[PDB]
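Everything on this sheet refers to the single structure shown next.
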Amino acid sequence: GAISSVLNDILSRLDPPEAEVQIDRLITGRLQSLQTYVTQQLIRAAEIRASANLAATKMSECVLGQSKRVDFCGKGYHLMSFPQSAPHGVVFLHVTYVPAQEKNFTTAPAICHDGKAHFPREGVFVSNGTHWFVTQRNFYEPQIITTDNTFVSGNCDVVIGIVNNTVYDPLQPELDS
Amino acid sequence: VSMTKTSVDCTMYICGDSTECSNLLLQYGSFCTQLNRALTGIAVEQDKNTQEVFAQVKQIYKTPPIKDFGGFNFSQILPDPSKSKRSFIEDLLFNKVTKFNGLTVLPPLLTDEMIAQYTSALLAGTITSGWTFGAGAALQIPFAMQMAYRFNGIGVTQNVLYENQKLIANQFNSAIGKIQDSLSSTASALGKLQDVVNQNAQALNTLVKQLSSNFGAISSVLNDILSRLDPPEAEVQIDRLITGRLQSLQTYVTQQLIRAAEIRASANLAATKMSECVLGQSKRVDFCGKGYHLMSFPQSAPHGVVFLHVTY
Amino acid sequence: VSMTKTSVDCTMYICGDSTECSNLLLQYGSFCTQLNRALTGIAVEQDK
Amino acid sequence: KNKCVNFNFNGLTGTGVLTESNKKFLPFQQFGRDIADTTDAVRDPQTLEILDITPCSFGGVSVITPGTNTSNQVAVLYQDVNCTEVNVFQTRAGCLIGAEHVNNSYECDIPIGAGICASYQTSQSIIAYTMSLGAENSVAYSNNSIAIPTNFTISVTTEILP
Amino acid sequence: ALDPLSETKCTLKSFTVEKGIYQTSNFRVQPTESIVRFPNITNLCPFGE
């Protein structure tokens, strides 16, 4: 809004009763340029500070420990992150567990040995078409159904959709031999 | 989650249909250039806050024809394809939510149909596949078997669900109807999204009302000052009107960035809550509401999200 | 956790005990209403 | 009617587009405004009818372009207008001139808005289509058949935070 | 001011332009005819008498 942009141009051409109007338009005009600059920088720094509360969380939990939070430190089951240096930031290397293939196997909620309902302690019951096995949800392994990996609770009259299977007891062939 | 994509242009706001106003506007520096790029940067963040929260799965899972999910009434959370594909819960969330002088209201990247397809894909992956669809491939595990590991994560033996298959169905199906009776009777539960509308309906309407203000000039209309005063004499009154509208636009983008900073902080939280509480199981107490964490059902919402948490 | 709730009113701070000041204050429109509702919204968040 | 004209009232100045209306003013009132002080409908003083004041064809000039090392074809996107007041395709954000409407839904390469995206594929031209939110897949629900992975792949994802 | 492809390069002040959509300018329609909306002869002066 002033007649010039140079501070020394108005004071050398205009009168000191007349140059004070044009100088005050330059001071108030440049003050709003700094008022817009401090406002735009502090809001963007608040997003950096909100990212600083997030980047310190990743370098304290996922880097310095094993977090059980799904999809918080990358896609998949996170194990350990390797941080790297970066200009005004950080670059992470999240080591995750991602499956590749899958196979459709016959499952069962529980089994019945002599009337009681045997529940799996860790994992679910599977079957390869002939025998009934037990494995976890993340990795398939043909483990033999024993009493140590199962839990006895209730009976087989409450659970709807149950099957029958003989529990392989290791105490039976040891006493007979 | 998101807000209204409002892009106010300083060309037609201060100098709408005027030639001499544009010569007195470019002499104030690049203030109109900076405020246009600042409001454009909000619209980039509004398109990223919808993608980083909702779009978490690279595939879309459809509804299976088998509806016997352990005897549970999941017809309320699944959208009706014969209806937009909306459900009875999403209909109560849409109908209970409470200008052309340079204000450009841009539509978002995803409409109400696109969020309903993300709702129909995430709820199909949570029920018919559990939490393995977010970490990797969707394992075809039924809903009655995935809840056995959800009790073991909080210290509950899995014999409670297998011996009370009819007791959970009489309590969980009755708790869904209590949510529908609370939203249809009053809108007090949806106050978190109505405050976003109250910070936008009172922000977009107050900016147009500043054009009727004098701002130290002899008139409010820019055409009234030019058609009455002399062109060497109207420049004193016009420059007081442009500077008065410049401080109104400076306060507007300031209020549209500080209030949106809590929305961007909530969008980083909604991307965290949907990835952790919905797409997995967490042992954090009181993170998915009051109670033990078992699962969570997200629903579509205007400029937000509604999490139907299931607690023990 | 919280902060001291201070409400700065633009009536006694801008035009405190002045009649001719209120005639020029209303020429800006609702600028004091934008400043009062901004500080009122802090007082709601301090209670939350 | 239906043109960007400059109406000159005795106590109101401004430009706009005059068209038909469905409202009905009072017999003594002559003005009509919006909520935030925006005159959008006035009564004709000659004939007793209601005519709205529609704003003219104003909108931001946006373009859709790929990288400079690939090609030079673009697509003009006139915002907040239809394709009548100006490869013709109508979007919710405005009229898109330059892109071809393809019914095949592909991956959203360049976002536009309202579920519409554009991409430069191969012959080679910018196409307009509804964006695909993911691949078509249906989880086979079964109460006696589950899928458990036998092979794994240790992948290293890169996360960048300021 | 030749093509809308060049409007993205001069806005970002760089020739290397990636994919996306950026605002360049604003479309404006000039009014072609100004119609004065006034009522009809509502009462002539008694110049005949």
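Labels for the structure tokens follow display order: chains A, B, ..., residues from 1 in each chain, ligands from 1.
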
**OP:** Would you kindly report the residues of chain D within 8 Å of chain E, using only C-alpha atoms, as a PyMOL selection string?
**Re:** chain D and resi 4-10+15+44-46+56-68+72+74+76+78+110-112

Can you write out the residues you just picked, keeping C-alpha atoms, as a CSV table (one decimal), in the first residue's frame?
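Here's the written file selection36.csv:
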```csv
chain,number,residue,atom,x,y,z
D,4,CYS,CA,-24.6,-14.6,-16.8
D,5,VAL,CA,-26.2,-11.1,-16.8
D,6,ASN,CA,-25.8,-7.9,-14.7
D,7,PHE,CA,-29.1,-7.1,-13.0
D,8,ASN,CA,-29.5,-3.4,-12.0
D,9,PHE,CA,-32.1,-2.9,-9.3
D,10,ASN,CA,-33.0,0.4,-7.7
D,15,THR,CA,-24.3,-10.0,-11.3
D,44,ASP,CA,-39.6,-9.4,-10.8
D,45,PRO,CA,-41.2,-5.9,-10.5
D,46,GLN,CA,-42.9,-6.2,-13.9
D,56,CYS,CA,-22.3,-17.6,-12.8
D,57,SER,CA,-19.9,-20.3,-14.1
D,58,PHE,CA,-17.1,-19.8,-11.6
D,59,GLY,CA,-14.6,-22.5,-10.7
D,60,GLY,CA,-11.0,-23.3,-10.3
D,61,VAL,CA,-9.0,-24.3,-13.4
D,62,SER,CA,-7.5,-27.7,-12.5
D,63,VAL,CA,-5.6,-30.1,-14.8
D,64,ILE,CA,-4.6,-33.8,-14.6
D,65,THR,CA,-1.2,-34.6,-16.0
D,66,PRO,CA,1.3,-37.5,-15.7
D,67,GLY,CA,5.1,-37.0,-15.2
D,68,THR,CA,7.1,-35.1,-17.7
D,72,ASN,CA,2.5,-34.7,-22.5
D,74,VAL,CA,-3.5,-33.6,-20.2
D,76,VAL,CA,-8.9,-30.1,-18.5
D,78,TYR,CA,-13.4,-27.1,-14.9
D,110,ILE,CA,-4.2,-40.1,-10.0
D,111,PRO,CA,-7.1,-39.1,-7.6
D,112,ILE,CA,-9.7,-36.6,-8.7
```

Original post:
Any idea which chain D residues end up within 10 Å of chain B if we count only C-alpha atoms, as a PyMOL selection string please?
Top reply: chain D and resi 13-15+34-38+40+54-56+58-60+79-80+92-94+111-117+131-149

**OP:** Check every residue of chain A for an atom within 8 Å of chain B, counting only C-alpha atoms, and provide those that qualify as a ChimeraX atom specification.
**Re:** /A:1,29,33,36,39,43,47,50,68-72,75-77,98-100,102,109,119,153-154,158-159

**OP:** Identify all residues of segment 5-142 of chain D in strand (DSSP E or B) (DSSP on the backbone) and supply them as a ChimeraX atom specification.
**Re:** /D:5-8,13-19,33,39,41-43,50-54,59-65,75-79,88-90,94-97,100-101,110-113,116-121,125-130,135-137

Original post:
Which residues come within 10 Å of residue 25 of chain C, counting only C-alpha atoms, excluding same-chain residues fewer than 3 positions away, as a PyMOL selection string?
Top reply: (chain B and resi 215-216) or (chain C and resi 10-11+14-15+20-22+28-32)

**OP:** Mind listing the helix (DSSP H, G or I) residues of segment 34-163 of chain A, per DSSP on the backbone, as an NGL selection string?
**Re:** :A and (34-62)

Subject >> Exercise: segment 123-133 of chain A partners within 10 Å, only C-alpha atoms, chain neighbours under 2 positions left out, as a PyMOL selection string >> reply: (chain A and resi 104-111+119-121+135-146+149-150+164-167) or (chain B and resi 145-146+148-149) or (chain D and resi 144-148)

Original post:
atom CA of residue 181 of chain B to atom CA of residue 45 of chain C: how many Å, to one decimal?
Top reply: 28.6 Å

Within 8 Å of residue 39 of chain C, counting only C-alpha atoms, which residues show up once you throw out same-chain ones fewer than 6 positions away? Write them as a JSON list (two decimals) with C-alpha atoms, in the first residue's frame, please.
```json
[["chain", "number", "residue", "atom", "x", "y", "z"],
["C", 6, "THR", "CA", -8.68, -17.22, 31.30],
["C", 7, "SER", "CA", -11.39, -15.49, 29.24],
["C", 8, "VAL", "CA", -10.19, -12.23, 27.69]]
```

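Pairwise distance (atom CA of residue 18 of chain B, atom CA of residue 52 of chain D) equals 23.1 Å.
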